[PDB]
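**Student:** I am attaching a structure below and will ask some questions about it afterwards.
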Amino acid sequence: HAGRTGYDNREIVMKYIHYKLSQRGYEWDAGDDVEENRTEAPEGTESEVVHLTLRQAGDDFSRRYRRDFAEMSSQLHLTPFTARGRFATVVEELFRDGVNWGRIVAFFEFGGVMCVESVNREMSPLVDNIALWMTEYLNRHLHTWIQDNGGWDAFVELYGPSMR
Ligand SMILES: O=C(NS(=O)(=O)c1ccc(NCCSc2ccccc2)c([N+](=O)[O-])c1)c1ccc(-c2ccc3sc(CCc4ccccc4)nc3c2)cc1
């Protein structure tokens, strides 16, 4: 009794972040389990529509705010110990009062911003860790907000591309 797409907070973040790194050409060792996993074929026209919307959603945002999160990035600093604690401290501010499709878009960007921050130095593997925490906060907050507010289909339906 919950759609038939199987959207996974982990997968969505893994794809979005995976694309961000692709732009640079970094073969992010995401699917460490590279043993040919079919299960039910890669075909996912269902979650495919939102994959583009969500993927493009962040891009359009980053282009609008090119002097907000970029600066705060310097505050994050560079370290594996504080990195994990800094993430939660940042997201916490993303939604002080309440959550909304409008604010969540910034959520994805954050991960990508902090993710690349590690790659810039020499902590590519860390990119995987970030995604782990991202899904936690997204599933522990957003998920509940989206699930109660229609769901994923809402975002894509509300913010749908031209025609299709
Ligand atoms: O305007 C906003 N939302 S909206 O009006 O409801 C909207 C407007 C357009 C679209 N879509 C249009 C097509 S693409 C697009 C998507 C989103 C926004 C703009 C365009 C969408 N949406 O798709 O959900 C939502 C909006 C504006 C500003 C912020 C915002 C501002 C300062 C900060 S600081 C921070 C720390 C986390 C943090 C750290 C690092 C980086 C980011 C955030 N996060 C912030 C987030 C957050 C949301």
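Each chain of the structure tokens is named A, B, ... in the order shown, its residues numbered from 1; ligands are numbered from 1 in display order.
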Got a sec: who's within 12 Å of residue 158 in chain A, counting only C-alpha atoms, leaving out chain neighbours fewer than 3 positions off, as an NGL selection string?
**Tutor:** :A and (50 or 53 or 101-102 or 150-155 or 161-162)
**Student:** For the residues selected in the previous step, produce a file with C-alpha atoms as a short mmCIF file (atom, residue, chain, number, x, y, z; two decimals), in the first residue's frame.
**Tutor:**
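Result went into selection35.cif, see below:
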```cif
data_model
loop_
_atom_site.label_atom_id
_atom_site.label_comp_id
_atom_site.auth_asym_id
_atom_site.auth_seq_id
_atom_site.Cartn_x
_atom_site.Cartn_y
_atom_site.Cartn_z
CA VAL A 50 11.22 12.27 -10.96
CA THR A 53 13.04 16.64 -12.23
CA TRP A 101 9.27 21.04 -1.46
CA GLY A 102 10.86 24.46 -1.79
CA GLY A 150 0.84 13.01 -1.16
CA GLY A 151 4.31 11.71 -1.92
CA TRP A 152 7.01 11.86 -4.59
CA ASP A 153 4.45 12.06 -7.39
CA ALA A 154 3.46 15.43 -5.91
CA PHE A 155 6.79 17.14 -6.62
CA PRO A 161 8.64 19.88 -17.15
CA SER A 162 7.08 21.43 -20.25
#
```
**Student:** Please, which residues have at least one atom within 9 Å of an atom of ligand 1, using only C-alpha atoms and all ligand atoms, listed as a short mmCIF file (atom, residue, chain, number, x, y, z; two decimals) with C-alpha atoms, in the first residue's frame?
**Tutor:**
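Saved result, selection35.cif, follows:
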```cif
data_model
loop_
_atom_site.label_atom_id
_atom_site.label_comp_id
_atom_site.auth_asym_id
_atom_site.auth_seq_id
_atom_site.Cartn_x
_atom_site.Cartn_y
_atom_site.Cartn_z
CA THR A 53 13.04 16.64 -12.23
CA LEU A 54 14.91 16.17 -8.96
CA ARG A 55 18.25 16.07 -10.78
CA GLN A 56 17.52 19.25 -12.73
CA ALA A 57 15.86 20.79 -9.68
CA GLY A 58 19.17 21.16 -7.88
CA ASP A 59 21.00 22.46 -10.95
CA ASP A 60 18.49 25.27 -11.50
CA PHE A 61 18.87 26.20 -7.82
CA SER A 62 22.67 26.27 -7.77
CA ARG A 63 22.55 28.62 -10.76
CA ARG A 64 20.21 30.98 -8.90
CA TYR A 65 22.11 31.01 -5.60
CA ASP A 68 25.13 31.51 -0.48
CA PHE A 69 26.08 27.87 0.11
CA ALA A 70 29.36 28.33 -1.76
CA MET A 72 29.36 28.61 3.96
CA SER A 73 31.35 25.75 2.43
CA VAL A 90 24.00 22.48 8.36
CA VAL A 91 20.85 20.57 7.42
CA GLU A 92 19.34 21.47 10.79
CA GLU A 93 19.34 25.09 9.61
CA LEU A 94 17.90 24.14 6.21
CA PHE A 95 14.58 23.51 7.96
CA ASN A 100 8.59 22.08 2.14
CA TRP A 101 9.27 21.04 -1.46
CA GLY A 102 10.86 24.46 -1.79
CA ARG A 103 13.49 23.93 0.91
CA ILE A 104 14.24 20.26 0.16
CA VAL A 105 15.73 21.23 -3.21
CA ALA A 106 18.57 22.84 -1.27
CA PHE A 107 19.03 19.56 0.64
CA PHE A 108 20.38 17.72 -2.41
CA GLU A 109 22.76 20.57 -3.26
CA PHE A 110 24.24 20.47 0.24
CA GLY A 111 25.32 16.86 -0.15
CA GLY A 112 26.88 17.56 -3.52
CA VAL A 113 28.58 20.64 -2.09
CA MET A 114 30.05 18.75 0.86
CA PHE A 155 6.79 17.14 -6.62
CA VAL A 156 6.97 15.88 -10.21
CA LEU A 158 3.55 20.09 -9.22
CA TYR A 159 6.87 20.88 -10.87
CA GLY A 160 6.56 18.89 -14.08
CA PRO A 161 8.64 19.88 -17.15
#
```
**Student:** For the atom pair CA of residue 25 in chain A and CA of residue 10 in chain A, what is the interatomic distance in Å to one decimal place?
**Tutor:** 21.7 Å
**Student:** Between A:119, A:138, A:41, A:78, which has the minimum distance to residue 12 in chain A (counting only C-alpha atoms)?
**Tutor:**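 Using only C-alpha atoms, the shortest distance to residue 12 in chain A belongs to A:138.
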**Student:** Please produce, as a Markdown table, a per-residue contact table for range 31-103 of chain A versus range 121-136 of chain A (criterion: any atom at most 10 Å away, only C-alpha atoms considered), showing the nearest atom pair and its distance in Å to one decimal, sorted by chain then residue number.
**Tutor:**
```
| residue | atom | partner | partner_atom | distance |
| --- | --- | --- | --- | --- |
| A:31 | CA | A:128 | CA | 9.8 |
| A:78 | CA | A:121 | CA | 8.5 |
| A:79 | CA | A:123 | CA | 9.5 |
| A:80 | CA | A:126 | CA | 8.2 |
| A:83 | CA | A:130 | CA | 8.8 |
| A:84 | CA | A:130 | CA | 7.8 |
| A:87 | CA | A:133 | CA | 8.1 |
| A:88 | CA | A:133 | CA | 8.3 |
| A:91 | CA | A:134 | CA | 9.1 |
```
**Student:** Generate a file of the selected residues that holds N, CA and C atoms, formatted as a compact mmCIF listing (two decimals), in the first residue's frame.
**Tutor:**
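Written output follows (out10.txt):
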```txt
# COMPACT_ATOMS: atom_id res chain seq x y z
N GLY A 31 28.45 1.74 -6.59
CA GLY A 31 27.99 0.37 -6.54
C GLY A 31 29.13 -0.62 -6.39
N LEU A 78 37.85 21.20 6.60
CA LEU A 78 38.26 19.92 6.03
C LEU A 78 38.71 18.95 7.11
N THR A 79 37.93 17.89 7.31
CA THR A 79 38.24 16.88 8.31
C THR A 79 37.14 15.82 8.36
N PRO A 80 37.51 14.55 8.60
CA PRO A 80 36.55 13.45 8.66
C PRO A 80 35.76 13.42 9.97
N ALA A 83 33.46 16.59 9.80
CA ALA A 83 32.64 16.46 8.59
C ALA A 83 31.27 15.85 8.91
N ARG A 84 31.27 14.77 9.68
CA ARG A 84 30.03 14.09 10.04
C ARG A 84 29.16 14.95 10.95
N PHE A 87 27.71 18.23 8.93
CA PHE A 87 26.59 17.95 8.04
C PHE A 87 25.26 18.16 8.76
N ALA A 88 25.10 17.50 9.90
CA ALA A 88 23.87 17.60 10.68
C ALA A 88 23.61 19.04 11.12
N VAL A 91 22.21 20.95 7.78
CA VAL A 91 20.85 20.57 7.42
C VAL A 91 19.85 21.09 8.44
```
**Student:** Return as a tab-separated table the residues of range 36-98 of chain A lying at most 8 Å from range 4-9 of chain A, together with the closest atom-to-atom pair for each and the distance in Å to one decimal, counting only C-alpha atoms, with rows in chain order and ascending residue number.
**Tutor:**
```
residue	atom	partner	partner_atom	distance
A:44	CA	A:5	CA	7.4
A:46	CA	A:5	CA	5.9
A:47	CA	A:5	CA	6.1
```
**Student:** Could the residues in this selection be written to a file with N, CA, C and O atoms, as a PDB file, in the first residue's frame?
**Tutor:**
```pdb
ATOM      1  N   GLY A  44      12.914   1.718 -15.165  1.00  0.00           N
ATOM      2  CA  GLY A  44      12.184   2.358 -14.089  1.00  0.00           C
ATOM      3  C   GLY A  44      11.517   3.647 -14.529  1.00  0.00           C
ATOM      4  O   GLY A  44      11.688   4.689 -13.896  1.00  0.00           O
ATOM      5  N   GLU A  46       8.892   4.762 -14.024  1.00  0.00           N
ATOM      6  CA  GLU A  46       8.175   5.359 -12.902  1.00  0.00           C
ATOM      7  C   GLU A  46       9.038   6.403 -12.197  1.00  0.00           C
ATOM      8  O   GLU A  46       8.744   7.597 -12.240  1.00  0.00           O
ATOM      9  N   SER A  47      10.105   5.943 -11.549  1.00  0.00           N
ATOM     10  CA  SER A  47      11.012   6.837 -10.833  1.00  0.00           C
ATOM     11  C   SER A  47      11.935   7.604 -11.788  1.00  0.00           C
ATOM     12  O   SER A  47      12.724   8.440 -11.352  1.00  0.00           O
TER      13      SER A  47
END
```
**Student:** Running DSSP on the backbone, which parts of range 50-152 of chain A land in helix (DSSP H, G or I), as a ChimeraX atom specification?
**Tutor:** /A:50-64,69-76,80-94,101-121,126-148,152
**Student:** CA of residue 29 in chain A to CA of residue 141 in chain A: how many Å, to one decimal?
**Tutor:** 27.4 Å
